[PDB]
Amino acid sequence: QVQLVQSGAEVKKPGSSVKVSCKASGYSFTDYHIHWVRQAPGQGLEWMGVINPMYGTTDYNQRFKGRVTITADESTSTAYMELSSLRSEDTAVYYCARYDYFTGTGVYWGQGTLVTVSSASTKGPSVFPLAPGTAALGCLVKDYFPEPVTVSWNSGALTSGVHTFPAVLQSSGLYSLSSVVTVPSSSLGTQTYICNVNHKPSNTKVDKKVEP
């Protein structure tokens, strides 16, 4: 199947440079153009540029004024996007998309990479249980930076009735979020309700047991 897998999220100091990778698989890499499109939080889609990996030829959106460099490596089937002189305005989810001439557009997209342009240090989250007919339980994921944190239930198995709330920025300048799961009472003793938290910028991986 056609898949574009991007590199992990990260905080970058203002003025510095970030390089985002995009690993393509399930097709012949040099046959298709790879485009880069960004999305500032709560905002729209902004096209940044293109590379033809067959020739290494590029086209960039003029507004970036040479800050963008898109490259490709056929040995690894990996396209990269480098954005220099990082502005607080460059805080966005960066996407790579595979374009083709039968549609004329981006069909297969990567999962996106949130690059946060801040001066604040990387902080790993603390994870706490939200212990309980129909029952509710969850996980409080507190004091992390930057965004995002991903949460899964029962080692990545459960997804039905799983509400992972958007994070809130605290007065402290640290994020916090909760993940809840509306399960039955009978099942509370049967299955060990594991909350799997992952914060890719700090390599934290936490599995906290939620028991009454």
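Start at 1 with the first residue shown and count on from there.
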Sequence continuity check, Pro132 and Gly133 (deposited residues unmodelled): 4 to 9
Selected stretch [higher average CA B-factor]: 151 to 159 or 49 to 57: 151 to 159
16 to 24 or 192 to 200, whichever carries the higher mean Cα B-factor: 192 to 200
Identity of residue with top Cα B-factor, from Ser179, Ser176, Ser185, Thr30: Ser185
Criterion, highest CA B-factor; candidates, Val93, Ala136, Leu83, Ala79: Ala136
CA B-factor ranking of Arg87, expressed as a third of its chain: highest
Modelled-residue ranking by C-alpha temperature factor, third containing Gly66: highest
Ranked C-alpha temperature factor of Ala97 among modelled chain residues, by third: lowest
Relative C-alpha B-factor of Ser119, binned into the chain's lowest, middle or highest third: highest
